[PDB]
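S.K.: Structure below; questions to follow.
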Amino acid sequence: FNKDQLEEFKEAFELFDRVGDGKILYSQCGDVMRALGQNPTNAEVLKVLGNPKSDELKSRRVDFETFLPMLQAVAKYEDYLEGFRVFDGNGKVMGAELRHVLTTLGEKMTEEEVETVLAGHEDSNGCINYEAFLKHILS
Amino acid sequence: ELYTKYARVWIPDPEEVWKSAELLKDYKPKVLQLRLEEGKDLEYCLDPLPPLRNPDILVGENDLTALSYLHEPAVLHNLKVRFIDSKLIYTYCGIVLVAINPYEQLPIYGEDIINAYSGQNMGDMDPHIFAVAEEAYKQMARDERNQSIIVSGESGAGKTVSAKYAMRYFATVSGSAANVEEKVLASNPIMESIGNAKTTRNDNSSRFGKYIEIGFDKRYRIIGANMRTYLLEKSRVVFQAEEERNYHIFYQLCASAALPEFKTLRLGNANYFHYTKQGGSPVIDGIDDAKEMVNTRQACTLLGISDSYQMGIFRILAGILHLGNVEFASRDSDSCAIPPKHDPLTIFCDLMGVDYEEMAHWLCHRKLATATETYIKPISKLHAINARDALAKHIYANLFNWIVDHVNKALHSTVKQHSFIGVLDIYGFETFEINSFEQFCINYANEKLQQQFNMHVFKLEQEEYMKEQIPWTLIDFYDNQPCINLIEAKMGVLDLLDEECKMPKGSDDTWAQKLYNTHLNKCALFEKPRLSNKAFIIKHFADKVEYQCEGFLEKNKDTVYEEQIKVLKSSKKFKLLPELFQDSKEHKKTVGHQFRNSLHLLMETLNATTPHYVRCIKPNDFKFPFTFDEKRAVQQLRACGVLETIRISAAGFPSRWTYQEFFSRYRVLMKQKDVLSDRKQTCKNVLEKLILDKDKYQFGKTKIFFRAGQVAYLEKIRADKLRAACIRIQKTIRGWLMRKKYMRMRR
Amino acid sequence: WXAXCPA
Amino acid sequence: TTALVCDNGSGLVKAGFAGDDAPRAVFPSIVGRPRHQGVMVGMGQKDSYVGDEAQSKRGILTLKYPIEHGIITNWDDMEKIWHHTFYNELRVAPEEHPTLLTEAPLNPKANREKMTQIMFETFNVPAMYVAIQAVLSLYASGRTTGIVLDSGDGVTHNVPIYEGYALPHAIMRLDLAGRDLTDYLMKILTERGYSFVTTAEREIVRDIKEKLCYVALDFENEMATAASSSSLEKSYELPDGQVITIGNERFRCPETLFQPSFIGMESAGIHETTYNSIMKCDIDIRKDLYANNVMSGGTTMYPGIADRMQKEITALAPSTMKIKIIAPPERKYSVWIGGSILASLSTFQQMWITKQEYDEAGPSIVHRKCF
Ligand SMILES: Nc1ncnc2c1ncn2[C@@H]1O[C@H](COP(=O)(O)OP(=O)(O)O)[C@@H](O)[C@H]1O
Ligand SMILES: [Mg+2]
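Those protein sequence lines, which keep their order, are chains B, A, H and C. Numbered according to the entry's author numbering, the first sequence spans residues 4 to 79, 86 to 97, 100 to 150. Numbered according to the entry's author numbering, the second sequence spans residues 5 to 33, 36 to 54, 59 to 187, 190 to 595, 629 to 792. Numbered according to the entry's author numbering, the third sequence spans residues 1 to 7. Numbered according to the entry's author numbering, the fourth sequence spans residues 5 to 375.
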């Protein structure tokens, strides 16, 4: 990261500081990385965090300087499309099935999160153009 | 290797024969870190592997061949889940239907369901007994060869309840206007009372094979039925082990000894008579025999065997009991006599209507005669007692055969029987703490009937193999003929038994020695325990079984001196007794040989017919409805041969899939770039990429044939791929979400 | 027999 | 397939199937030849008669026994007897199931070798065995410790069998038999002035002996009684209708078993040879042989021979070791009944001499495989 990048990242980090001490929680590190353009898994976030225990994940606070190596480590289309073609052959996917798999397998999200990202992308039949949805969520 | 973190395994346990476990960290080459549902870790040890667990799509299925690990725990689990969570009481395993006694009344047998099942093919439906009766009825309609349904298990398991509904099904679908539905079930109390007995381990065990033909005319109307019986254990009449009883009828009599109808029979209590006292257990808890006698008489009267015949039968049975009390004074090694006024014989002669001096002369002596001259010869007290007990067994077996003939006399119709469907109830494989000649014969019969089952299965799967153009060499007939040759054939265990029956001063000790001399190191299936010279062990079809040689020969001996029969045929007093005898070598033949013959008549009835199989399983001792003791059920599943059938099937190609159903599942496991306009060629290629192709699984014309594990392996890779894709897409969406919350702050 | 007796 | 059993009695053959209770065929082992010029042409004559043929015609015939003293002396007669046995009376082809044949012990080796030869080459029997009669009498009497007095025609012998083992050195054989009883009975009857001089009335004296003889419980008092009173005498219709009357002469004939000195026999009688046969045994078994002491064969059928044997051995034995007799009424057939049960034992089926083995080893095979 260059000075400009370090300045933008520090400013963003400070936006996530909800206590004024210039720090975020470990549990916010993933959120900051995603807000800054990274897409780490929760497992990857915990790994770069050092697999913290519940107590320090929920209450231990870290400044930008300790977060930065973690952001670096996390930072360092056709597969995504085929991944969506998994759930396809008319180019559509049921909204119910995508909702079920996103809310029941893997690193489960909330139903509200899934509704939020899926809001406006399904038609009256309940089908999502997945090439468009993928481009949209990658934009 | 399939074992990984978050795999699952079963582990052995006393209190459920298997327990679920999850593999907590990957195995590589000696002790396994396993999470248990009762505790976060306990560790498991690998010695001179634990059985893997089937994936969730496979479990709970309608057919135990659809499973991919053919394991005792998988069988037990599928039965437990279907019985408990779905209240599904019928299950398929290969050809067999497995029935698990709901042991509770259920609304399953109504007309609408009969009309649902009629017209279906076997695989079209979730299993039910109607799906067997229909499979028989259609093949009778299709073909000349008529049909037989075999039903196996402990008698408690509800075989009568199976036959009841099979008959109701035929009677409803036939379009018949007859009424065998009532008369057959009305016969059951008498056929139990004469033919059913309390065993050490179970109440009301049936001790004979009961075969009901259902007759059809050329129009497939039900015209009537014909009952037969086979394999009756005559020897129970005169002998028991501790805490058994002989056949119920004798106790139903000894409870009615008070009643005005039976005064002249001079019955005592059940300890007064040598045949009833031997068991040491007159009472069965919760049953008045005195009441069951009423149902028995009402069933006789509803079959319409006359009040006079009924009083004759009961007076014969009292006769037998009084006979068994007669006691012999030894005069010499080669002579015995009956004391001068002996009351039991004095009463027996009055019940049978015979002269005391002729019974007393013939009971102590035998007649030998070449055509020129005849000698009347005394005999030892031992031989006179053996002759008495063999007469009591002969009178009983003939009475049983006569009562069954009056049943058929009520059951036949004058209409011509064009074809029949048979329903066979027969006892399951039997093993206790202590095993005797009775168990030995029951197990030999089950060895025969399992040989037949293995034939039928092997033949039908060679048909299915050629219907799919798959080569017959792949299937192997697993063959128990080396055990039958051990029991059945000359110099076998029964033949050497009769040989010491006839050899002078034979005994159980010298017979056991003759066994060891003949089989001990010579055969793989025959073994001797270290500590005892009075037992032997057979590596028998369901299990090793130890048979205790104490008193076979006493049970096996049967000989009847014709003079003692002919003295009874001399009775003027009453019709029945001469009727029994009317219609030689048979009197010389031993109990074992008579059984071996009755078994051949059974097999040559069944081998002429198309089998269908049902198995019945008892979930628990306690009559708890819809609860399932894993300890009990695993024993039943062993005794029914179900587990050994499944272990025979795992050696084959257990799992079969239609190409488009396989593609419908495993498209995820494929990529459209690879896939082709023919599904068969597409799957032929993809699956040959995914597995070692040729030996490990095979392609038929219409179906794909896997060895056991390999479907689970496909489900494993499919699931892990699907999860990885899902996780990547949702982490992308989480990054989008936190970008959206940054927009919220911008908003 | 052959010697000591008639047969 | 059930084996045949037939007994080469020196007087009377006994045959039937294995596992039958008593023989189907019983007929004297006697071959009759006519001794006169038959005058009628068109008579329908035949050369010679066997068994029940020659009994009824005996007045026309000369009768020969081919077996004397358990030795088959004319094999060419003997073949006719076996041929009649299997084909005519049984209606069995012997080629189709095996056969068991019974023999007095210690008879010459040729009788076994040539009987085996004739069985395999002439009749083409599948398999054969031969067995000592006094072994079979224990199978018949239901025992496995025994001493057996076996007397038919021709031969008497003692064989001891203790707990299933034979004791070869203790075998006693003796040549008193129903034939030498009969040939003495004719000479004693001559004292009354009755004469029987040819074979066709020997078969009358044999029936007189069978109906009327008995054994004195104590001899000399009853001899004096007969010399004192006629109340012992009984009378018999000769086949024509002439009565004869007989007195002490009926018991005097079966006495000779106990005093062979009357026949001019050298040995002692069946009691003292029975005791000597026990004395040859080792002292551990004698007590058991005294209890299981068995009468066998037809010459032991005389009324009271049991009680006489029991008395006279009791006067030889030690007073403390009680002695018993076993004498079942069947005992005339017991050797056959024992052969019938023996042949039916599943264990025995290995024991047969098969034709393949005989063709390998020749007539010598018997001594190797058999006892
Ligand atoms: N009831 C009898 N009383 C006396 N002697 C008999 C009797 N029956 C047969 N015999 C004689 O005994 C001999 C037959 O005995 P048997 O046991 O048949 O000899 P084998 O079996 O060696 O031919 C003949 O001499 C016959 O006359
Ligand atoms: Mg003899």
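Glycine residues also receive a C-beta, built at the ideal position from the N, C-alpha and C atoms.
Which value, in whole angstroms, describes the spacing of the CA atoms of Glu-47/B and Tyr-10/A?
M.R.: Cα to Cα, the separation comes out at about 19 angstroms.
S.K.: Note down, in chain order, each residue of its chain lying with its Cβ closer than 8 angstroms to the Cβ of residue 189/A, except the 5 sequence neighbours on either side.
M.R.: Not modelled: residue 189/A, which lies between 187 and 190, the two residues flanking a gap in chain A.
S.K.: For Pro-109/C, count neighbouring C-beta atoms within 10 Å of its own C-beta (all shown protein chains included) and say buried if the count is 16 or more, exposed if not.
M.R.: Buried is the label assigned to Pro-109/C, since at least 16 other Cβ atoms lie within 10 Å of its Cβ.
S.K.: Given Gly-150/C, which residues of its chain have a CB within under 6 angstroms of its CB, disregarding the five upstream and five downstream residues?
M.R.: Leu-142, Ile-165, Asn-296, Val-298
S.K.: Start and end of the alpha helix (DSSP H) containing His-87/C?
M.R.: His-87/C: member of the alpha helix (DSSP H) spanning 79-87, first to last residue.
S.K.: Please say whether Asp-157/C and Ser-14/C have beta carbons closer to each other than 7 angstroms?
M.R.: yes
S.K.: With a threshold of 6 angstroms, establish whether the CB of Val-339/C neighbours any heavy atom of ligand 2.
M.R.: yes
S.K.: On the criterion of 16 or more Cβ atoms from any shown chain inside 10 Å, does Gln-41/C qualify as buried, or is it exposed?
M.R.: exposed
S.K.: Would you check if there are 3 or more beta carbon pairs closer than 8 angstroms linking the segment 310-324 of chain A to the segment 264-272 of chain A?
M.R.: Cβ pair count under 8 angstroms is below three, so no.
S.K.: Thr-77/C touches chain H at which residues, Cβ-Cβ below 8 angstroms?
M.R.: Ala-7
S.K.: On the CB-based measure, 16 or more other CB atoms within 10 Å of its CB, does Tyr-86/B come out buried or exposed?
M.R.: By the 10 Å Cβ count, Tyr-86/B comes out exposed.
S.K.: Decide if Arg-196/C is buried, meaning its Cβ has at least 16 other Cβ atoms within 10 Å, or exposed.
M.R.: Looking at its Cβ environment, which holds fewer than 16 other Cβ atoms inside 10 Å, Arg-196/C is exposed.
S.K.: Taking any heavy atom of ligand 1 as the mark, which residues have a C-beta closer than 5 angstroms to it, listed down the chain?
M.R.: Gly-13/C, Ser-14/C, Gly-15/C, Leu-16/C, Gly-156/C, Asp-157/C, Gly-182/C, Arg-210/C, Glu-214/C, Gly-301/C, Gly-302/C, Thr-303/C, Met-305/C
S.K.: Look at the alpha carbon of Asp-154/C and the alpha carbon of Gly-342/C, and state the distance between them as a whole number of angstroms.
M.R.: 13 angstroms
S.K.: Against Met-120/B, what residues of chain A qualify as contacts under a CB-to-CB distance less than 9 angstroms, listed in chain order?
M.R.: Those are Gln-775, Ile-778, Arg-779, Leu-782, listed as they occur along chain A.
S.K.: Is it buried or exposed for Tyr-91/C, if we count other Cβ within 10 angstroms and need 16 for buried?
M.R.: exposed
S.K.: If the cut-off is 8 angstroms on Cβ atoms, which residues from the segment 487-507 of chain A count as contacting chain C, listed in chain order?
M.R.: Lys-502, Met-503, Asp-507
S.K.: Check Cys-257/C in the structure and name its three-state DSSP category.
M.R.: helix
S.K.: If contacts are defined as beta-carbon pairs under 8 angstroms, then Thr-260/C and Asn-162/C qualify, I think. What distance do you get, rounded to the angstrom?
M.R.: At roughly 18 angstroms, the Cβ-Cβ gap does not stay under 8 angstroms, so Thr-260/C and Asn-162/C are not in contact.
S.K.: In the DSSP assignment, the beta strand (DSSP E) including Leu-65/C goes from what residue to what residue?
M.R.: Note, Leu-65/C: beta strand (DSSP E), 65-68.
S.K.: If you compare alpha carbons, which of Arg-290/C, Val-134/C, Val-96/C, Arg-206/C is closest to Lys-113/C?
M.R.: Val-134/C
S.K.: Output yes or no for whether 7 angstroms exceeds the beta carbon distance between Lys-663/A and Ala-167/A.
M.R.: yes
S.K.: For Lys-421/A, does the count of other Cβ atoms within 10 angstroms reach 16, so buried, or fall short, so exposed?
M.R.: exposed
S.K.: Enumerate in chain order the residues of its own chain whose CB-to-CB distance from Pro-541/A is below 7 angstroms, with the five nearest sequence positions on each side excluded.
M.R.: Result list for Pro-541/A: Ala-547, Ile-549, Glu-558, in chain order.
S.K.: With a threshold of 6 angstroms on Cβ separation, who are the neighbours of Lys-725/A within its own chain once the five nearest residues in sequence on each side are excluded?
M.R.: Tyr-704
S.K.: For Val-756/A, which residues from the same chain have a beta carbon less than 6 angstroms from its beta carbon, with the 5 sequence-adjacent residues on both sides left out?
M.R.: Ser-78, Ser-700
S.K.: Look at the Cβ atom of residue 390/C, then the Cβ atom of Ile-192/C, and state whether they are nearer than 7 angstroms.
M.R.: The first residue shown for chain C is 5 and the last is 375, placing residue 390/C beyond what the model contains.
S.K.: When DSSP builds the beta bridges, which residues end up paired with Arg-660/A?
M.R.: Answer by DSSP bridge pairing, in chain order: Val-108/A, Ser-162/A.
S.K.: Identify, in the order they occur along the chain, each residue of the same chain with its Cβ nearer than 6 angstroms to the Cβ of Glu-26/A, setting aside the five sequence neighbours on each side.
M.R.: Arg-12, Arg-41
S.K.: Do we get a CB-CB distance below 7 angstroms when we pair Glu-72/C with the residues of chain H?
M.R.: yes
S.K.: Who are the neighbours of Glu-334/C on chain A, taking C-beta pairs under 9 angstroms?
M.R.: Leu-380, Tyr-387, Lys-389
S.K.: Would you identify the three-state DSSP class for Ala-151/A, choosing helix, strand or coil?
M.R.: DSSP places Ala-151/A within a helical segment (H, G or I) once states are collapsed to three.
S.K.: Could you name the residues of the segment 713-730 of chain A whose beta carbon sits closer than 8 angstroms to any beta carbon of chain B, in the order they occur along the chain?
M.R.: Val-713, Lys-716, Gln-717
S.K.: Can you pull out the residues from the segment 13-31 of chain C whose beta carbon lies closer than 8 angstroms to at least one beta carbon of chain A?
M.R.: Taking 8 angstroms as the cut-off between beta carbons, the residues of the segment 13-31 of chain C near chain A are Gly-23, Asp-25, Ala-26, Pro-27, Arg-28, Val-30, in sequence order.
S.K.: Quick check on this structure: which residue in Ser-318/A, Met-305/A, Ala-302/A, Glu-256/A has the alpha carbon closest to the alpha carbon of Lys-289/A?
M.R.: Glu-256/A
S.K.: Where does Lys-734/A sit, in a helix, a strand or coil, going by DSSP?
M.R.: helix
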